[PDB]
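S.K.: the amino acid sequence is not available; the structure is as follows:
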């Protein structure tokens, strides 16, 4: 199922999207992207609107 995760930090912008079949599918697919900045933030799961909230 297609999804859209958003990232926003104290003074850092962010915005992207990705598809996931399970709650872990997006967590395992993002674990490779998070390395880009090397952050340790968290991601929320909102199927009601199909959007994941993240704070860098």
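M.R.: Sure thing, it's come through. Numbering: from 1, shown residues only.
S.K.: distance of residue 51 relative to residue 11?
M.R.: Using Cβ to Cβ, to the nearest Å, residue 51 is found at 22 Å from residue 11. Bear in mind the C-beta positions are built from the backbone N, C-alpha and C, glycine included.
S.K.: which one's more surrounded, these two?
M.R.: Legend: neighbour count by other Cβ atoms under 10 Å for residue 51 and residue 11, higher for residue 51 (14 against 6).
S.K.: and for the residue nearest to residue 44 when sequence neighbours are not counted, the neighbour number?
M.R.: Nearest non-adjacent residue to residue 44, counting by Cβ to Cβ, 6 or more residues apart in numbering: residue 53, 4.3 Å away. For residue 53, the neighbour count with other Cβ under 10 Å is 13.
S.K.: likewise for residue 17?
M.R.: With other Cβ under 10 Å as criterion, residue 17 counts 12.
S.K.: and residue 18, by the same measure?
M.R.: Using other Cβ under 10 Å, the number of residues around residue 18 comes to 14.
S.K.: kindly report the same for the one 5 residues further on.
M.R.: In terms of burial, residue 23 registers 10 neighbours under the definition other Cβ under 10 Å.
S.K.: let me see the contact set for it.
M.R.: Residues near residue 23 by Cβ atoms under 8 Å, 6 or more residues apart in numbering: residue 45.
S.K.: the residue lying farthest from the centre of the chain: which element?
M.R.: Distance from the C-alpha centroid of the chain, by Cα atoms, centre = their mean, peaks at residue 11 (17.6 Å). Assignment of secondary structure by DSSP states H and E places residue 11 within no helix or strand.
S.K.: show me where this structure has its helices.
M.R.: Taking DSSP state H, the helices of the chain run over residues 23-30.
S.K.: which residue ranges of it form strands?
M.R.: Using DSSP state E, the strands of the chain run over 2-7, 18-19, 51-54.
S.K.: helices and strands around the first one, which ones?
M.R.: The criterion is 3 or more Cβ pairs under 8 Å, 6 or more residues apart in numbering; DSSP states H and E, and the helices and strands that strand 2-7 contacts are strand 18-19, helix 23-30, strand 51-54.
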